[PDB]
Amino acid sequence: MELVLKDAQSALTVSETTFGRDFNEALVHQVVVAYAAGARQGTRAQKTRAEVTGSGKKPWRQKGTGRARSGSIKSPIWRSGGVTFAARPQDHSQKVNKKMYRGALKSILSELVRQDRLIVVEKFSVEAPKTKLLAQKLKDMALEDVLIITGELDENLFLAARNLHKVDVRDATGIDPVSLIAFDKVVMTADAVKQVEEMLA
Amino acid sequence: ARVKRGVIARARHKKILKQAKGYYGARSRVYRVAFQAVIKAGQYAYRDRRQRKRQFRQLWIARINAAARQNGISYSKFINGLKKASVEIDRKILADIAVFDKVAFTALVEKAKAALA
Amino acid sequence: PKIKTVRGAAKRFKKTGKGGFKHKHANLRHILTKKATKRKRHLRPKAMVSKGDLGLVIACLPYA
Amino acid sequence: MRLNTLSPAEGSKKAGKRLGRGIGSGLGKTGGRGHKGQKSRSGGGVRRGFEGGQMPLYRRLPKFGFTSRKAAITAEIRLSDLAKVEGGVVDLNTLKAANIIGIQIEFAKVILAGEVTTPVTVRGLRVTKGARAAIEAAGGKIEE
Amino acid sequence: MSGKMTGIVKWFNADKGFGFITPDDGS
RNA sequence: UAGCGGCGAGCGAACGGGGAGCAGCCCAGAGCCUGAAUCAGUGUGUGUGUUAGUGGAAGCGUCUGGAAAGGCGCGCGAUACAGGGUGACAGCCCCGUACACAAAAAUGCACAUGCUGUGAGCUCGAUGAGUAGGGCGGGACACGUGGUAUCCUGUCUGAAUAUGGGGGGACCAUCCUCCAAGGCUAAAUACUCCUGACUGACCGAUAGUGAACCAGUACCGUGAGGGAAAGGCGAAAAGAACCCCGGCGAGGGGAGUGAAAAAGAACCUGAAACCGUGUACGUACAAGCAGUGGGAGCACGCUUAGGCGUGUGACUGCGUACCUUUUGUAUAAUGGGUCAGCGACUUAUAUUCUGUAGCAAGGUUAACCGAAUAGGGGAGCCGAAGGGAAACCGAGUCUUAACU
Ligand SMILES: [Mg+2]
Ligand SMILES: [Mg+2]
Ligand SMILES: [Mg+2]
Ligand SMILES: [Mg+2]
Ligand SMILES: [Mg+2]
Ligand SMILES: [Mg+2]
Ligand SMILES: [Mg+2]
Ligand SMILES: [Mg+2]
Ligand SMILES: [Mg+2]
Ligand SMILES: [Mg+2]
Ligand SMILES: [Mg+2]
Ligand SMILES: [Mg+2]
Ligand SMILES: [Mg+2]
Ligand SMILES: [Mg+2]
Ligand SMILES: [Mg+2]
Ligand SMILES: [Mg+2]
Ligand SMILES: [Mg+2]
Ligand SMILES: [Mg+2]
Ligand SMILES: [Mg+2]
Ligand SMILES: [Mg+2]
Ligand SMILES: [Mg+2]
Ligand SMILES: [Mg+2]
Ligand SMILES: [Mg+2]
Ligand SMILES: [Mg+2]
Ligand SMILES: [Mg+2]
Ligand SMILES: [Mg+2]
Ligand SMILES: [Mg+2]
Ligand SMILES: [Mg+2]
Ligand SMILES: [Mg+2]
Ligand SMILES: [Mg+2]
Ligand SMILES: [Mg+2]
Ligand SMILES: [Mg+2]
Ligand SMILES: [Mg+2]
Ligand SMILES: [Mg+2]
Ligand SMILES: [Mg+2]
Ligand SMILES: [Mg+2]
Ligand SMILES: [Mg+2]
Ligand SMILES: [Mg+2]
Ligand SMILES: [Mg+2]
Ligand SMILES: [Mg+2]
Ligand SMILES: [Mg+2]
Ligand SMILES: [Mg+2]
Ligand SMILES: [Mg+2]
Ligand SMILES: [Mg+2]
Ligand SMILES: [Mg+2]
């Protein structure tokens, strides 16, 4: 599998099972849903009839009066009563198999190749940590909405990309499918390609 | 979350309350009565789409029987005449001719009498 | 939580290869001098659980 | 391929029942529960094996047998598991290193299931007749 | 104006004034 | 699971394995060398926090509009496009944010060190008696007295003491292992009255704390105790000078403010039930779920008059509400005065089945590590072999002396 490079106009040999796999949409949708469910914080609660501040006394007697039977003012049919099925703080994280997560990433990197949304450069650095320099470089690359994955820790690049919301900068380890989809272009260092190919066989 | 249902229940009640215009009293004002009255009106409308076809055929037959007895033949002799003369005119058209064109109804009666004779 | 096994049914039934349950026959525990030997001989071997009562067994024995 | 172009497989996600939300849903006022029973009650239902008050099957029938502690520390081994070890010798400590039988196991038989091709020395284990023939045919040497 | 105590517990019936208007004929 | 159990309902381990975390010591006693380790206390010093704070970038024009932060142009900042406010939606108006710093004084925590106290090490010993155990009665151990080990003890008793004793699930023998009847000990663990920062597929005033508002208040009760309701003018009060009717009223009409007073304080938007005024049509010889089908006439709009609409509805055919419960209800069986708002098959973990997706005779990890939805971790679990009560045998096995 060969990836032509943008700047030096060379080639780069990759695994076809990694970067030319057919797009398994149901797998990718399962992984993207499980990622967005893993982001979900799940901090809420309501009060049941047990947890409402009140008293456990019958508001009136059972019979004799003309009113309906009632046993508790905490009843979920009263105003300021309990919630019938009041919620608890719950964990919405799903299990994703390891081979399904890698099948999805190998699927969407094959799709970004087929959609030409993947750009390969040898190096992508900014000299000084300035967002003006980074915006100039991306304007020269004709890029606005981009993910920049780099196999190293570049602090000046992280700082120069921290203020731009169109731009996100990751390590090659810290890549995710929802970002690889949510961004319009993806720029990979050739080393980051070598690392992604190594993790993903 | 916590779906608040004021907009939906208002538009759902107003769909019924618009259908209940013209009704007496709370049948046009109160949803519990109007919905109970709209359903009965749909039942009657389903029924009377069938009864319209009965009542007009009955009206047509009574008008043909009158105009035929005016020309001196009964209805039951006149339909049997038109069957034996093969005239396949339905009795809507026979009631219309019996009203507006009495000459053509007389000619149909004479055709039926000659078909029986 | 885990389901708890009905321990009497776990002492009374064993799952076979195709998923059926074997069991011992009744009527072979006492009062045995008036019973025919043919009857007892047809009561010693284990029998399979019938199709009708196999659902209550599976409900009582979820862990096979 | 965007986040607003993904869609799951057909028949993957099924909607799920919502009881008590109208006539047209089918699951109307009662919700699959019938009328005026014990089963229709909230929390209602009888426990496992309850046949009415009739003596249930798990008490009509007698208990039998006991539980062998030695059966818990015995194991059976396929012939296909013999290649998964290293060194071409098969012991208990070799099988436990290969994560086949487990630590607490003290006895093992080798059974004709699957097939072996490489010559494998079997040491300190029982062997069936067909596994003895297949090992000796593949070049093995069963010893203790 | 601070006009509660209208239908609070309806003591109206907490009075539970003796009923059974001498009608134990329905036995 | 093993077991316990009117062997019922149910209760429910351990050995062992993977991890987090890891730390060992002293007195039952004398000496010898004597202050030697460590700890405690108290000072000082240094560092780091905390308890006030400081600086903190960069925009103009035009159009609409009451008002520009909006639209359209043209620029600029960014280690700061977190957030909030400003007359409509502001990276560049403001407060801030990133970052950079800052404490006279008090105090925490680290080290270091001073002082006070503390003893360190070596040798030879000693080795926790009304105790262990037992009988009776109870309790705890998953173990309900059972064949019941082990632990505790109310009562009565009662050893040996290192050549000795305890345990290894009745018990004995052998073997293994350990040394009771004296103590101390960090971490990993549990919780949040309270403080700070941040977050939310949590609520948005019948919700959310009972309480967004002077709420545990008003109020009730002898008392313990119970326990509410009630948010929003406008950008800014500019909160209506003055005039008039009226009781030197209430209330209203002007005028005035304002973008707006159908924003006027009983003040955003202002639905419905309910009650009115006006207009059109119908109605005082006419009997009933009040409609539906037909349908004259009347009024009003459009139109190329074509006739359609709209409202009403004389007369006329048919026609005894809804729900629930029932063999069966117009039923004179239940329930509902009406409107508006709320109000009932959920959640967690196991398990089975179907669908779907991944890998496939293999599939998959949990804890935890990790900066971290990755990767590691294969402890384990299910499956590929079963039969038999079991030992055991094994594509066979069990039964039986043996199976046609
Ligand atoms: Mg009480
Ligand atoms: Mg509440
Ligand atoms: Mg993982
Ligand atoms: Mg109306
Ligand atoms: Mg017997
Ligand atoms: Mg019912
Ligand atoms: Mg019934
Ligand atoms: Mg039933
Ligand atoms: Mg209940
Ligand atoms: Mg009985
Ligand atoms: Mg293992
Ligand atoms: Mg400042
Ligand atoms: Mg500033
Ligand atoms: Mg401002
Ligand atoms: Mg506005
Ligand atoms: Mg001792
Ligand atoms: Mg004792
Ligand atoms: Mg004893
Ligand atoms: Mg005792
Ligand atoms: Mg004693
Ligand atoms: Mg003891
Ligand atoms: Mg023993
Ligand atoms: Mg001790
Ligand atoms: Mg409230
Ligand atoms: Mg409101
Ligand atoms: Mg309240
Ligand atoms: Mg008082
Ligand atoms: Mg006034
Ligand atoms: Mg406003
Ligand atoms: Mg208003
Ligand atoms: Mg109104
Ligand atoms: Mg009239
Ligand atoms: Mg009249
Ligand atoms: Mg009348
Ligand atoms: Mg009509
Ligand atoms: Mg009812
Ligand atoms: Mg029925
Ligand atoms: Mg009845
Ligand atoms: Mg009837
Ligand atoms: Mg009546
Ligand atoms: Mg009734
Ligand atoms: Mg009744
Ligand atoms: Mg009623
Ligand atoms: Mg399920
Ligand atoms: Mg499935």
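Here we summarise the structure given alongside this text. (Residues numbered from 1 in each chain as written, not as in the entry; some residues may be left out. Chains lettered and ligands numbered in written order. Part of a larger assembly, values for the part shown. Heavy atoms only, no water.)

### What to know about the overall build of chain B
The condition that has to hold: A run of H or I in DSSP counts as a helix once it spans at least four residues, and a run of E counts as a strand once it spans at least two, with each numbered from the N terminus. For each residue, the accessible area found with a 1.4 Å probe, counting protein chains only, is set against the maximum for its type, and the residue is called buried under 20%, exposed over 50%, and partly exposed in between. Contact definition: two residues touch when any of their heavy atoms are within 4.5 Å. Using the Shrake-Rupley algorithm and a 1.4 Å probe, accessible areas are obtained, with residue cover drawn only from the displayed protein chains.
Helix and strand counts for chain B come out as five helices and zero strands. The order of α-helices and β-strands along chain B, N terminus first, is α-α-α-α-α. When the backbone C-alpha atoms are referred to their principal axes, chain B occupies close to 85 × 30 × 20 Å. Scored against the burial criterion, the 117 residues of chain B give a buried share of 21%. In chain B, once contacts between residues fewer than 6 apart in sequence are set aside, the share between residues at least 24 apart is 48%. About 9,100 Å² of surface is accessible on chain B, with carbon and sulfur atoms providing 55% of the total.

### Focus on the overall build of chain A
Worth spelling out the cut-off: Our radius of gyration is a C-alpha quantity, and the globule rule it is checked against amounts to 2.2 Å times the number of residues to the power 0.38. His residues and chain termini do not enter the charge count, which takes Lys and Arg as positive and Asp and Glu as negative. We put the charge of a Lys on NZ, of an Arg on CZ, of an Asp on CG and of a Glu on CD.
The number of helices and strands found in chain A is seven helices and four strands. Secondary structure elements of chain A, listed N to C terminal, follow the sequence α-α-α-β-α-β-α-β-α-β-α. Whereas a compact globule of 201 residues would reach a radius of gyration of roughly 17 Å, chain A reaches 27 Å, over 25% beyond that. Dimensions of chain A, computed from the C-alpha atoms along their principal axes, are close to 95 × 40 × 25 Å. Looking at chain A as a whole, 39% of its 201 residues qualify as buried. Residue pairs at least 24 apart in sequence account for 65% of intrachain contacts in chain A once pairs closer than 6 positions are excluded. Working note: accessible area of chain A is about 12,100 Å², and carbon and sulfur atoms make up 51% of it. Charged side chains in chain A number 32 positive and 24 negative. The centres of these two groups are separated by 23 Å.

### Some thoughts on the pattern of salt bridges
Residue and element names in this part refer to chain A. Note the cut-off: For this analysis, a salt bridge means a side-chain nitrogen from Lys or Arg found within 4 Å of a carboxyl oxygen belonging to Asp or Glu.
All chains considered together, the criterion is met by nine salt bridges over all chains. The partner of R88 in a salt bridge is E51, and the shortest N-O contact between them spans 3.1 Å. One end of the pair, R88, is in the loop between α2 (25-38) and α3 (98-114); the other, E51, is in the loop between α2 and α3, with 37 residues separating them in the sequence. Between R114 and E111 there is a salt bridge; the shortest N-O distance is 3.8 Å. Placement of the pair is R114 and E111 together in helix α3, with a separation of three residues, close to one helical turn.

### Some points on the protein's contact with RNA strand F
What counts, and what does not: Near residues are defined by distance, with any heavy atom within 4 Å of the molecule or strand qualifying the residue. Identification of polar contacts relies on pairs of N or O atoms within 3.5 Å, with a donor-acceptor requirement for protein atoms, meaning one able to donate a hydrogen and the other able to accept it, and with residues adjacent in sequence counted only if both atoms are side-chain atoms. Each residue gets one label: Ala, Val, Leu, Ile, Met, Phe, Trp, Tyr, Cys and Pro are nonpolar, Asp, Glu, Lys and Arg are charged, and the others, such as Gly, are polar.
The immediate surroundings of RNA strand F are formed by 113 residues, with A1 and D48 of chain B, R7 and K11 of chain C together with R78 of chain D found nearest. The sugar-phosphate backbone supplies 72% of the atoms of RNA strand F found within 4 Å of the protein. Separating a base oxygen of RNA strand F from a side-chain N or O atom of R33 of chain D is a distance of 2.6 Å. Tallying contributions element by element places helix α2 (residues 31-70) of chain B first for the surface near RNA strand F, with 13 residues. Residue composition of the surface near RNA strand F, by class: 37 nonpolar, 34 polar and 42 charged.

### A few points about the interface of chain D and chain C
Put simply, the test is: Two parts placed together each lose some accessible area under a 1.4 Å probe, and the buried area is that loss summed for both.
Every contact between the two is made by 11 residues of chain D and, on the other side, 20 residues of chain C. For the pair chain D and chain C, the summed buried area comes to about 1,500 Å², and 67% of that belongs to carbon and sulfur atoms. Area buried by chain D at its contact with chain C is led by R48, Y58 and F64 of chain D, which between them contribute 46% of it. At the boundary of chain D with chain C, the tally comes to zero salt bridges. Inspection of the region where chain D meets chain C yields five residue pairs in polar contact. Residues of the side of chain D that touches chain C, tallied by class, amount to five nonpolar, one polar and five charged.

### Some remarks on the arrangement of the chains
Of all three pairs of chains sharing an interface, the pair with the highest contact count is chains C and D. The least C-alpha distance between chain B and chain C, which are not in contact, is 29 Å. Chain C makes no contact with chain E; the smallest distance between any of their C-alpha atoms is 45 Å.

Geometry only, nothing functional implied.
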